[PDB]
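Right, one structure below, let's go through it.
Note that we place each Cβ from the backbone using ideal geometry, even for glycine, and neighbour counts take in every protein chain shown. Derivation of every value follows stated rules applied to the coordinates shown; laboratory data play no part.
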Amino acid sequence: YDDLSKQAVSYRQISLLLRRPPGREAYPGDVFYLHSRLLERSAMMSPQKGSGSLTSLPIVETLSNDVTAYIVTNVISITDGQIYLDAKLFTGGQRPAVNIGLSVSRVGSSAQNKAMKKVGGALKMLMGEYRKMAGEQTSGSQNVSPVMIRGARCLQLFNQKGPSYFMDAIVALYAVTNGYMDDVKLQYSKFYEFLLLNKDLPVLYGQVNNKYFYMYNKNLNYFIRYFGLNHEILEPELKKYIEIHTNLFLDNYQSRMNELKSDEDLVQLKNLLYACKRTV
Amino acid sequence: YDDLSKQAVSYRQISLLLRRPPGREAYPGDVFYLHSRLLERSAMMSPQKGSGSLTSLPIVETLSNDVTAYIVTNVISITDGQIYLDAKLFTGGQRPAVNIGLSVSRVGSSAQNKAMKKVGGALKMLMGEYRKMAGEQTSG
Amino acid sequence: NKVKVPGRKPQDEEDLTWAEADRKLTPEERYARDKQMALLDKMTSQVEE
Amino acid sequence: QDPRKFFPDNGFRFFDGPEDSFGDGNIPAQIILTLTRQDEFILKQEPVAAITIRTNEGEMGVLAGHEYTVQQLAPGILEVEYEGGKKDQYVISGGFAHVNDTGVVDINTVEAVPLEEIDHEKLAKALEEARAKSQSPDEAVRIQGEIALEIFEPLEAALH
Amino acid sequence: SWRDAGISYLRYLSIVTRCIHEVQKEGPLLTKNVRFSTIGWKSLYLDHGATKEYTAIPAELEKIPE
Amino acid sequence: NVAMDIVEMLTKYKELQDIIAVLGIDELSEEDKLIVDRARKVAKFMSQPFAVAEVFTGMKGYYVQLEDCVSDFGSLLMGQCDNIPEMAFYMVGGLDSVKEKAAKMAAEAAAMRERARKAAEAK
Amino acid sequence: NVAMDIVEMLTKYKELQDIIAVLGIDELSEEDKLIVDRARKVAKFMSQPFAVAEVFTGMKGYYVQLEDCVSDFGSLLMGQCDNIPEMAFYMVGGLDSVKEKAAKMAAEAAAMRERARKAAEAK
Amino acid sequence: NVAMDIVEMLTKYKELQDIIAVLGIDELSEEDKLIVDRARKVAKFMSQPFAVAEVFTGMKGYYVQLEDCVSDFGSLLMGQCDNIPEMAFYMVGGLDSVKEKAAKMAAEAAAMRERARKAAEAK
Amino acid sequence: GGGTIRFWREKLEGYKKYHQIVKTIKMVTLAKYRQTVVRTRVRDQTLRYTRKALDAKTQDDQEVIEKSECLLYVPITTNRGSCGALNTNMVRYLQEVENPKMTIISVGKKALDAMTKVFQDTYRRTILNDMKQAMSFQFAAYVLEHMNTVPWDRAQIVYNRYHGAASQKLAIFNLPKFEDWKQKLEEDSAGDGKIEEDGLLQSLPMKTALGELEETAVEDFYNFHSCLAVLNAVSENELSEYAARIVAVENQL
């Protein structure tokens, strides 16, 4: 549902022209029951009724980042969660501009999957620890904590333009929470992911000891989605893929990157990193 | 009176349901005159009238330490003084949690006794300086 | 040579900060982490001793 | 870039040192004393009739028109004598005395306290401590006791 | 004597000053003067991101630099 | 008395975030830093994992009895547990669980320290 | 990319304005004051004279071309032009005009210094 | 003119009272301490009694005319009445009455001196 | 609209609390300034023979760099901020004077984060006096013992001179090297007395009488006077800090 505030302006027009009494912010008063009737139809139906479902992703415009307007409160009271998009972060560079402090979900682990439950349980703790430190201008540049590193890398990974496959996300977040992407600098956090998902380095550089685990098939997702990476068979192969990817990266690409001093090559690299932020 | 803010809400209900013209914060205009009908009956009577007296201690609840509200501004405009309690002091062990700077009695010393005027003048000259000193000193 | 200011560009240094996190509580967090690390190190020594 | 926006002053120039004289042919009648502890003076260009300093070579005595001589001050006492015949004794902790032919004295020290601010009772305790420290065979304590005794012995001799 | 032991003239002056501060009477002047002998300072130097003490030149007067 | 003392401490805690935000922790007395750390431990300690919040927390709930609920807060009120770290109080029940979590965190910290030692030994 | 980086820089400058107006620029880290000087140069550069406003700005109007606008902002973004003062970016179009204005201002400031020297000598 | 000069004097005295609490009265120049004394005299001179309260406090009231007040404040601004102390101006009306108070103060001090001197000399 | 008014009310209370806090800082700094101003009556007398010994004509830089091998610049910064432009102007002077042969040993915490980000390799360390106990001759002895780690050929001690409560300007002490000072002392003791710079004093009799003085005593003379110079610098910067903080706090208010 695109802007429901417009759906309420239409109801206000209809009501007030029909000589209905106004209310708060000019609305008739029963504009809450409107969205209630609309959104309570969302459900995950019982097996008696076919195990069907329909998700609802209503959209509400906001004026100067206020959540005090009548319609916004009426809808937050109805909807389970919310995905708060802040202009200060959109304008602040990062896109999508979700604010985790104000965005929540009242379903949690039960919605997401086995493979994603463990990663989210790690990421929630990492972000709760990183929120307390991230306000500090990094001064202990070598004395920085692991959390300050992993949280920044995860925020880099959160930058997107389009969607991402499940297999193309769990591995990228696993490398962050487990610290495999700690030696590379922040700016290269997404070029790393691009090579991790679309340019298999061990298959290129010949370091192929893993039996099956490679990020080219796109069908391993349905094994991760069932067994989970925290399993006897996927965990060691995952480690013996990511560690060689990090090693080959740090050796060949990171070293070549830091050696750039020319303005032309530096800008070429800059545009490449932004492009990797976009496509991935 | 515990308390007149709710008396005002009741008057507002009675008025609006009877379609009396509304006003600020959906209160009628003469809601001030209501409390003046009441609080002005409090008085120290004359020696021609038995020398009786009626004191009043009207309570009025604030919200987020607001004093610019309508009922509060009216009762302050009416009363012969005021008492201002604070929650920041109620939580800090200062119970009663007064705010001496905002608490006022226009009846300053004529109410006090012979023994109390001296002590109260001393405590005023003490607290007026204690406030200036504690406000500017560090936490340490 | 002047300054290695951080930024989004690779020649610039890491910007580990997060605009979402508040700066008002940062000094209290710094002091808390320093005190906690000191206590943990002292506990390491006390457990060995 | 701005071409040298800053042009700092030399701090030496904020002081007013005496200018030495050759062949002036006039002898001062009374010196102009200036005693300074760590940074602050206790006396600024006071007329003084005489002064008496202690050194490693021995005790010296300065009067008006004394020859230009610059030398250490051994840690001990320092006597000033005004034109009125009175006196003022000061304990010091090293320094350098700069005398002038024109009649100026700059006794720059690290400390300067009158004898009146010292008590013999408190001194007697420090004496045996410094002595027994000198007895202890250890380079860290022996030298410290020697220095403390070096400053205390003239005090114990002068208070008596 | 203390000369060849390595300690400089200025540490010797400071020790004599500390002794004079010990012996002198209780009063305002001693309150002014104890400040001029007590040891509170340090040295420090920045690592890549952290602080570290440069303890090669000690503040305590008994010791000798190396 | 314990409740009123905690409520009296937290108001000073507010008045001291008012200051630390500007000056810094260095510009407060040690008697003030003590109550700052105590209130900072109390605020994190009064957090509690619930059995219903297993979905969000991923941690089993704890049922804290009232008597233990006073002995623990009073022990923290009078400095009886100041050597214990701060985060050990985060999202636990009684004081026994706090000491368990402190022992845990010290174990993982020694693990990171010796792993850094072995990483320096390796390269 | 240049536009997004410019917008990010101005976002940080807006957050730092809350401190600059209260304390001052001196209480910022070296990185932050560099970011402030750069964002101030960006904001001043964003202004340009128009032919319509010749009555007011007292300057001939410029038509900054699109291709020349990106290279200028990118050079101002990569630190390629930091020795230029801030006021050189005010009410100009293109970095070449900025350098011309900086030359004019430097010449005028020098000439004022030699004029003051001549006046002091004659004084 | 007299009123505007008094307003300027009082504004300057406020600025200097925002310094005396900082530095001290000796930090000011010889001109500034003069206007400080004059402004204190002016402020004490504004204090006027009232015939309304004459029964309560006992002191008389003074109905001072307009032009006489102008001549008084002009004399006090011109400095031709500066030898008079500050406390004489307190709670009086007109320059022709503060002089009575000053004569009373001087005679009372002389009487205390005569009393004390003879009391010490007799013993 | 309720969120807007609540936000503005919270910002109002924040500014009020911030105001009284800054007012408290002003009171503390005022107490320290009223203590330290007692020095102003008594200063300006201890360094005059030090001037006479160490001072030389204004030597242009570019010749000093070619003459020398490792200069030294000692900036005396503060321990805590809200001072003004003292630290920033010191850093600006040094990056104005920056040359391949320099080394920086500073005094203060604010010289630790700033200089290291401007001067990567030349900056070495700093010295910190927690000002609970007033500075001393042995603090300057500590600073000399730190400076002497280098075989420096010239030491430019930068500091802030307190001309008045509204005037805290820069100032420098250009200290020579001991061996060079002794050689210049001899070469100027031989020839006649002729000043080569206005405002400079003749000291030929002093430069002879020091020749009458033995070697160890002349080394002690040098070190003692350099220590007094450092001490005057520290005291003047202390007072300048406490005087400029009031200005940089009233403007904040």
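Worth pointing out:
- Using alpha-carbon coordinates, inclination of helix D:139-159 to the longest axis of chain D, degrees: 80 degrees
- Backbone geometry of region A:225-238 corresponds, through the Karplus equation with coefficients 6.51, -1.76 and 1.60 at θ = phi - 60°, to 3J(HN,Hα) couplings of 5, 9, 7, x, 5, 7, 9, 5, 9, 9, 4, x, 5, 5 Hz, x marking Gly and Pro.
- Test item: B:131-140 mean partner chain Cβ contacts at 10 Å: 5
- Longest site-free stretch - chain B; sites: trypsin sites (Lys or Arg not before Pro), DSSP loop, at most 16 other Cβ within 10 Å: B:42-105
- Ordering G:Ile20, G:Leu76, G:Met87 by the projection of their Cα atoms onto the charge dipole of region G:1-110, which places +1 on the Cβ of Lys and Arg and -1 on the Cβ of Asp and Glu, puts G:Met87 at the extreme positive end.
- In this structure, the pairs whose alpha-carbon distance is over 18 Å, taken from C:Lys4/G:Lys33; G:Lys118/I:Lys169; F:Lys14/I:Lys16; B:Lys88/F:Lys14; A:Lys132/A:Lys190; A:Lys185/I:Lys110, are G:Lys118/I:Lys169; A:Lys132/A:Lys190; A:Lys185/I:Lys110.
- Candidate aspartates and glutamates - alpha carbon under 20 Å from I:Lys101, same-chain residues fewer than 8 apart omitted: I:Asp60, I:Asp61, I:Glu63, I:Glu66, I:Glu69, I:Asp121, I:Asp153, I:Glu179, I:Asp180
- With the highest mean first, a sort of the peptides H:77-83, C:38-44 on other beta-carbon atoms found within 10 angstrom per residue produces C:38-44, H:77-83.
- Sorted shortest first, the separations between the F:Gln65 label point and its copies elsewhere in the assembly read 8.5, 9.6 nm; each point sits 7 Å from Cα along the Cα-to-Cβ line.
- Length-normalised contact order for chain I - Cα pairs under 8 Å, 6+ apart - percent: 28 percent
- The calculated FRET efficiency for the pair A:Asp263 and G:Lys60, based on their C-beta separation and a Förster distance of 30 Å, comes to about 0.40.
- Average other protein chain Cβ within 10 Å of Cβ, residues I:49-59: 5
- Note on H:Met91, I:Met135: ascending count of other Cβ atoms within 10 Å places them as H:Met91, I:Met135, the fewest first.
- Distance from the alpha carbon centroid of region A:166-194 to that of chain C works out to 21 angstrom.
- Overall form of chain E per C-alpha gyration tensor (a/c, 1.5; a/b vs b/c): oblate
- Near A:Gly81, the amide H atoms lying under 5 Å from its own belong to A:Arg106; only residues 5 or more places off or on other chains count, and H is placed 1.01 Å from N.
- Label-to-label distance, nm, for residues given as I:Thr58 and A:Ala275 (7 Å Cα→Cβ offset): 5.9 nm
- Rh by Kirkwood over Cα pairs, then Stokes-Einstein D for chain I at 1.002 mPa s and 20 °C, µm²/s: 105 µm²/s
- Angle between chain A longest axis and helix A:167-177 axis [Cα atoms, degrees, rounded to 10]: 70 degrees
- Loop-resident trypsin sites (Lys or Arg not before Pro) (DSSP state other than H, G, I, E or B) in region A:134-175 with no more than 12 further Cβ atoms inside 10 Å of their Cβ: A:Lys161.
- Relative contact order computed over chain D (Cα-Cα under 8 Å; 6+ residues apart), in percent: 19 percent
- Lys, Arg +1 and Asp, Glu -1 on Cβ, resulting dipole of chain C about Cα centre, debye, nearest 20: 320 debye
- In a simple Cβ point-charge model (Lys, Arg +1; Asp, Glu -1; nothing else charged), the protein assembly as shown has a dipole of about 7120 debye relative to its Cα centre.
- Label point of I:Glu10 set 7 angstrom out along Cα-Cβ; within region F:3-33, amide nitrogens under 19 Å from it belong to F:11, F:13-22.
- On the rotation that sends chain H to chain F, the chain H Cβ lying closest to the axis gives residue and distance in whole Å as H:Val22, 9.
- Neighbour-count ranking [beta-carbon atoms within 10 angstrom, fewest first] of I:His146, D:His120: D:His120, I:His146
- Distance from region H:51-123 to region I:106-160 (C-alpha centre basis), Å: 62 Å
- Backbone phi angles across region I:100-112, fed through the Karplus curve with coefficients 6.51, -1.76 and 1.60 (θ = phi - 60°), yield HN-Hα couplings of x, 10, 8, 7, 10, 10, 9, 9, x, 5, 6, 7, 8 Hz in residue order; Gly and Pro are listed as x.
- Between the Cα long axis of helix A:146-158 and the first principal axis of chain A there is an angle of about 60°, rounded to the nearest 10.
- The alpha carbon gyration tensor of the protein assembly as shown gives principal lengths a ≥ b ≥ c with a/c of 1.5 or higher and a/b no greater than b/c, which makes the shape oblate.
- Rounded to the nearest 0.05, the FRET efficiency derived from the C-beta distance between B:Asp80 and B:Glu25 at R0 = 30 Å is 0.75.
- Bridges between two residues of the protein assembly as shown, per DSSP, are antiparallel at a rate of about 75%.
- Options I:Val118, A:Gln137, I:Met131, ranked by Cα towards positive dipole end of the protein assembly as shown, top entry (Cβ charges): A:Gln137
- Pairs spanning more than 20 Å between alpha-carbon atoms, out of E:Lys32/I:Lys26; F:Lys41/F:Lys101; I:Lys11/I:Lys32; A:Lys118/A:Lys199; D:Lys44/I:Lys57; I:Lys109/I:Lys132: E:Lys32/I:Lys26; I:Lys11/I:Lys32; A:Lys118/A:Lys199; D:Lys44/I:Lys57.
- Taking E:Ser37, D:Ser93, A:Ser255 and counting other C-beta atoms within 10 Å, the order from fewest to most: A:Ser255, E:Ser37, D:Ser93
- Between region A:225-240 and region A:121-155, the Cα center-to-center distance that results, in Å: 26 Å
- FRET efficiency, 1/(1 + (r/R0)^6) with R0 41 Å, evaluated for I:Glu215 and D:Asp24 via beta carbons: 0.85
- Whole-number percent relative contact order across chain A, with pairs defined as alpha carbons under 8 Å at least 6 apart: 15 percent
- In the protein assembly as shown, taking the dipole from charged Cβ atoms about the Cα centre, the farthest positive-side position among I:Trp152, A:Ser64, D:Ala49 is held by A:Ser64.
- Charge dipole (debye, nearest 20) of region D:22-63; +1 at Cβ of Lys and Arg, -1 at Cβ of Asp and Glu: 60 debye
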